[PDB]
Amino acid sequence: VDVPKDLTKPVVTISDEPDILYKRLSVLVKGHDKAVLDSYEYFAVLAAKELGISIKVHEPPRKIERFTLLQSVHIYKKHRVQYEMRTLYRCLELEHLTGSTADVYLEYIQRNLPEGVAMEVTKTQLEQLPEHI
Amino acid sequence: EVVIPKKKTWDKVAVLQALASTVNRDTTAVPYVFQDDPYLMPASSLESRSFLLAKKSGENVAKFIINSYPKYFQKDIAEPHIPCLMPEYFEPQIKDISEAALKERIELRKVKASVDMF
Amino acid sequence: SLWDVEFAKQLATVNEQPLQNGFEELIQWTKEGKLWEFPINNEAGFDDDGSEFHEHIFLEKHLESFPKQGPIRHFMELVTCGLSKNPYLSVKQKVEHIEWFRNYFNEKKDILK
Amino acid sequence: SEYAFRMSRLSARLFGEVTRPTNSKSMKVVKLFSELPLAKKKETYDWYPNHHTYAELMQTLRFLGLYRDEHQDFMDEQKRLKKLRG
Amino acid sequence: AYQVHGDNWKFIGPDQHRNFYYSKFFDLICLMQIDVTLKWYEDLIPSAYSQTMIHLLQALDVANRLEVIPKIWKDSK
Amino acid sequence: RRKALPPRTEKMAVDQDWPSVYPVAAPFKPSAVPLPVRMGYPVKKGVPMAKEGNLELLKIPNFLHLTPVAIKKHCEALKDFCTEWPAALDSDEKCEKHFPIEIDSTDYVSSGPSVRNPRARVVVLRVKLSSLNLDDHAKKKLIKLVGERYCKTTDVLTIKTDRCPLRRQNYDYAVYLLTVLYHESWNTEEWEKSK
Amino acid sequence: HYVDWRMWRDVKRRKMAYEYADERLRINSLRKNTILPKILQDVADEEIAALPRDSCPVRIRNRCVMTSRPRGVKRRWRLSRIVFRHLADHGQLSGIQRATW
Amino acid sequence: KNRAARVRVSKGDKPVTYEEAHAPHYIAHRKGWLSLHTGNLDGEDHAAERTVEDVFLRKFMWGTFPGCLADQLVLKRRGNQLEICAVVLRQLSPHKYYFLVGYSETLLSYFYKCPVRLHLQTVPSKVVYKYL
Ligand SMILES: [Mg+2]
């Protein structure tokens, strides 16, 4: 029954200068769990859909780094034990995306990241020629 | 010829104000300051008062330890330097009537002022 | 100003209350500045004292006290090159380098061969 | 060729590097002052956070009486027994 | 009471004043059907914190809703 | 002595605002969660351990928050804030015509207290010389100067900037470098005329 | 309260090489340069020889932090092989499994 | 014969938990990692610092909540935010529990210059996976 009357909204000001035009935003998530990466991908793609922007998906290959350690302590050269870290990549491209849309979306996604994942942005913006040229 | 959307500027807190106003208060749930498990769940006003007062007392204990041993937390490991996290300095400097007088309004006490008037 | 900030902190203490949501917790962390401001530029602060690319790279303004033919010129040109290639250190560090070099060879001006 | 030599000279004047020719012993200066030394690297600067701070903090906090240090308890009891038995 | 009910909720502050307010609020709501009142209550009970329960019991009595009192006693316990 | 009240399972109704009860990222909290979801390798004719002691649900990353309903709600809320892309820019040829100079930077983000990392400084940019040079002598001069910064199969001139630690330093240095490069390709020399 | 006296010496060497890092770099460049006078090369070499001990970054060793073991240590984690295997088996750190490939 | 993070089979008088029971080579197949950070992944750094600081945190919190815990902890480091999760018993008073919670929170925050927060889940008696 307790439903607020008037929802207070933040202030927004449209600066006189024009907003920057991002040509393509390519985000890359490096993770350990393919299931976590798939959940994060579903989250991001649904957010982009509901915001009304383009999207493509593809799964780059799995990279691994492994290394051998001595299994025992003092004298055992033939008996070793191995270990490996598996990093899984997931890339997502967003096309024809306005600067403010980019800011809001990246803020949302960065706040809604999971823990065991690293996120790499490549921003691609176009511009006309300078005045000295 | 060309249409361009105009730029806008936001406060760092404004976005999260929007996110918070988006969601209403939690229903059938104690304040967020209190824990979630049922055993720690404060189930009465007096005990809840005592609980968050014990938390505040721990905060004061933290203040005491930091201002008693500043050199331990002196390392500014975090890239953004924050005086809120830096240790606190209510230490009178060497005898210097002018700098001591300037430091009067910094130390916020009365014995220093008596000694300076003297 | 003093009594002004006294009344201001009094009003603040009157306002402040316990929050009931993690969004409010994050608002607090952001307004005291511990929580990172997205987008992450990796440069929120540490602007290098408003230094400039030309102040970093073009050291000819700092090269004054030697002609443009000698081995000292060769060495200092290579120094300026390496410094401009180096992004890790700034104009202050580069001028400190070249100043120590000036001191060095002006104290060892004995030879000039 | 002289044409390509002067092309390289122009490219060097443009992109920062030396126009004049130079030996590897001289480009030594270039790359030395380009990349900072291992001694200045942060990895050599801070190989680990100081056991000084750590152990002093934990000792002072045990003296406060909040961190029940089991290893310290053990050592203390065995020291007591050793000084009791001689 | 409904009229007295953006960020104007900071003026409550001390737990004592919050207690007095919620107590008098629920008391008036009880001594006002009471289905909407018990709805509001069962909504705010975990967030919210003897006299209030006494007023609740007499309100439930005048209402004749016998089946509700057990759950309220169990929650208080 | 004291006993812990029973969980919120029986308390929570079927009709409930999950986006409200889980606004932000938080752990599993089985006492508040009503689902009997269990996870753990069972023993022979056994079962996975109950949610109360199942700390493996806490081990795994958490996504009970940010339900599809919550996502829809937040997107409907931020729809008025996000802006629109120009409809005129709907193709690569058109956007590269309107703004030929491509430029792109990048940076990682990782869990931890520190945020600086030198890879923030690197940037690159691209421009096709098919429409910008407008001449032949300066074009030949520029392609002779640049060694590997071009690619004639795709016909784009690409250049990187990392000499400066600051992103805006890299940016404006690249701009000034391109400007001086054009101004120096404009003119010529006598040894350049002699080839 | 470092683990032992050799760790103490190692940290002393690290700090000495740090606080004499840029100086050693400058004078080593002045030495290894080729076009400058050989007499100046000898001057700078005598300067390096007169510099104090425990100032070169080669005397330090990439020793372990936990057990002070110099050998069998990874530059990335800085931990000895034994303690690394211990933590990986107990699951303390994140994202390492056994290479059953 | 390998002895590495495993329990010796007894007569049936040894209550063991899920983690303490399962083997280290079962860690990725039938367990999770006690920490969750990106220093281990490629391109990142400060992994040694992450591991040292989280080990120190585990020791400090185990010794400042002694006798109440019954299992290893869950660390969750999302960007700047640091989240801890523990399972404890109802031995002492909630007064003491909250006091130590605030104390450890303040100490960790002032030490690491990082936003830290923790959760604790109560259990009457420590859950057991099997009796070995
Ligand atoms: Mg074997």
# chains A, B, ... in the order shown; residues from 1 in each chain; ligands from 1

$ residues_near_ligand --ligand "ligand 1" --cutoff "12 Å" --atoms "only C-alpha atoms and all ligand atoms" --output "MDAnalysis selection string"
(chainID A and resid 70:72 76:82) or (chainID H and resid 1:4)

$ interface_residues --of "chain C" --to "chain D" --cutoff "6 Å" --atoms "only C-alpha atoms" --output "PyMOL selection string"
chain C and resi 78+81-83+85-86

$ interface_residues --of "chain A" --to "chain E" --cutoff "12 Å" --atoms "only C-alpha atoms" --output "list in words"
residues 1, 2, 3, 4, 5, 6, 7, 8, 9 and 10 of chain A

$ write_last_selection --atoms "N, CA and C atoms" --output "PDB file, in the first residue's frame"
ATOM      1  N   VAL A   1       0.829  -1.201   0.000  1.00  0.00           N
ATOM      2  CA  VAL A   1       0.000   0.000   0.000  1.00  0.00           C
ATOM      3  C   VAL A   1       0.866   1.255   0.000  1.00  0.00           C
ATOM      4  N   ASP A   2       2.051   1.195   0.605  1.00  0.00           N
ATOM      5  CA  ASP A   2       2.956   2.343   0.657  1.00  0.00           C
ATOM      6  C   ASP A   2       3.593   2.510  -0.716  1.00  0.00           C
ATOM      7  N   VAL A   3       2.991   3.366  -1.532  1.00  0.00           N
ATOM      8  CA  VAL A   3       3.477   3.674  -2.870  1.00  0.00           C
ATOM      9  C   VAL A   3       3.767   5.169  -2.928  1.00  0.00           C
ATOM     10  N   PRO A   4       4.986   5.587  -3.269  1.00  0.00           N
ATOM     11  CA  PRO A   4       5.319   7.013  -3.191  1.00  0.00           C
ATOM     12  C   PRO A   4       4.459   7.839  -4.134  1.00  0.00           C
ATOM     13  N   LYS A   5       4.284   9.111  -3.776  1.00  0.00           N
ATOM     14  CA  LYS A   5       3.423   9.995  -4.552  1.00  0.00           C
ATOM     15  C   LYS A   5       4.152  10.536  -5.776  1.00  0.00           C
ATOM     16  N   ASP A   6       5.239  11.270  -5.553  1.00  0.00           N
ATOM     17  CA  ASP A   6       6.024  11.881  -6.619  1.00  0.00           C
ATOM     18  C   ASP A   6       7.462  11.394  -6.519  1.00  0.00           C
ATOM     19  N   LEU A   7       7.922  10.690  -7.550  1.00  0.00           N
ATOM     20  CA  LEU A   7       9.286  10.174  -7.572  1.00  0.00           C
ATOM     21  C   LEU A   7      10.246  11.298  -7.944  1.00  0.00           C
ATOM     22  N   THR A   8      11.122  11.663  -7.011  1.00  0.00           N
ATOM     23  CA  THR A   8      12.100  12.709  -7.275  1.00  0.00           C
ATOM     24  C   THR A   8      13.114  12.231  -8.309  1.00  0.00           C
ATOM     25  N   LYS A   9      13.264  13.004  -9.400  1.00  0.00           N
ATOM     26  CA  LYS A   9      14.215  12.648 -10.439  1.00  0.00           C
ATOM     27  C   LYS A   9      15.441  13.555 -10.383  1.00  0.00           C
ATOM     28  N   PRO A  10      16.611  13.068 -10.791  1.00  0.00           N
ATOM     29  CA  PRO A  10      17.790  13.939 -10.842  1.00  0.00           C
ATOM     30  C   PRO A  10      17.639  15.033 -11.886  1.00  0.00           C
TER      31      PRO A  10
END

$ closest_atom_pairs --of "chain F" --to "chain E" --cutoff "12 Å" --atoms "only C-alpha atoms" --output "Markdown table"
| residue | atom | partner | partner_atom | distance |
| --- | --- | --- | --- | --- |
| F:3 | CA | E:77 | CA | 11.4 |
| F:4 | CA | E:77 | CA | 11.7 |
| F:5 | CA | E:77 | CA | 9.5 |
| F:6 | CA | E:75 | CA | 10.6 |
| F:8 | CA | E:46 | CA | 10.2 |
| F:11 | CA | E:42 | CA | 9.8 |
| F:12 | CA | E:43 | CA | 10.4 |
| F:13 | CA | E:43 | CA | 11.1 |
| F:16 | CA | E:43 | CA | 11.3 |

$ interface_residues --of "chain C" --to "chain H" --cutoff "8 Å" --atoms "only C-alpha atoms" --output "list in words"
residues 29, 34, 35 and 36 of chain C

$ interface_residues --of "chain G" --to "chain H" --cutoff "9 Å" --atoms "only C-alpha atoms" --output "ChimeraX atom specification"
/G:65-66,76-79,85-86,88-100

$ select_by_dssp --residues "range 2-34 of chain G" --states "alpha helix (DSSP H)" --output "list in words"
residues 5, 6, 7, 8, 9, 10, 11, 12, 13, 14, 15, 16, 17, 18, 19, 21, 22, 23, 24, 25, 26, 27, 28, 29, 30, 31 and 32 of chain G

$ interface_residues --of "chain D" --to "chain H" --cutoff "7 Å" --atoms "only C-alpha atoms" --output "list in words"
residues 66, 67, 68 and 69 of chain D

$ residues_around --residues "residue 33 in chain A" --least-positions-apart "6" --cutoff "10 Å" --atoms "only C-alpha atoms" --output "compact mmCIF listing (two decimals) with N, CA, C and O atoms, in the first residue's frame"
# COMPACT_ATOMS: atom_id res chain seq x y z
N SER A 39 25.67 -15.66 -18.84
CA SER A 39 24.69 -14.87 -18.10
C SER A 39 24.93 -13.38 -18.30
O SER A 39 23.99 -12.61 -18.54
N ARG A 86 42.55 -20.85 -17.10
CA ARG A 86 41.79 -20.75 -18.34
C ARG A 86 41.06 -19.42 -18.38
O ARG A 86 40.22 -19.14 -17.51
N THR A 87 41.38 -18.59 -19.37
CA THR A 87 40.68 -17.33 -19.60
C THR A 87 39.79 -17.48 -20.83
O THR A 87 40.25 -17.91 -21.90
N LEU A 88 38.52 -17.13 -20.67
CA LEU A 88 37.52 -17.22 -21.72
C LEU A 88 37.11 -15.82 -22.13
O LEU A 88 36.81 -14.98 -21.27
N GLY A 116 34.46 -12.10 -10.78
CA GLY A 116 35.57 -12.73 -11.46
C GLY A 116 35.56 -12.51 -12.96
O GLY A 116 35.57 -13.46 -13.73
N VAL A 117 35.54 -11.24 -13.37
CA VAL A 117 35.56 -10.89 -14.79
C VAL A 117 36.31 -9.58 -14.95
O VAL A 117 36.22 -8.69 -14.09
N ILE F 60 30.12 -19.27 -5.82
CA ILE F 60 29.84 -18.93 -7.21
C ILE F 60 29.43 -17.46 -7.27
O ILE F 60 28.90 -16.93 -6.28
N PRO F 61 29.65 -16.77 -8.38
CA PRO F 61 29.11 -15.41 -8.52
C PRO F 61 27.59 -15.42 -8.40
O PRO F 61 26.93 -16.46 -8.53
N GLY G 95 40.90 -18.84 -9.70
CA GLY G 95 41.09 -19.20 -11.09
C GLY G 95 42.35 -19.99 -11.40
O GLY G 95 43.09 -19.65 -12.33
N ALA H 28 38.03 -27.10 -9.39
CA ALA H 28 37.27 -26.49 -10.47
C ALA H 28 36.12 -27.36 -10.93
O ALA H 28 35.16 -26.85 -11.53

$ closest_residue --among "G:32, G:59, G:81, G:1" --to "residue 39 in chain D" --atoms "only C-alpha atoms"
G:59
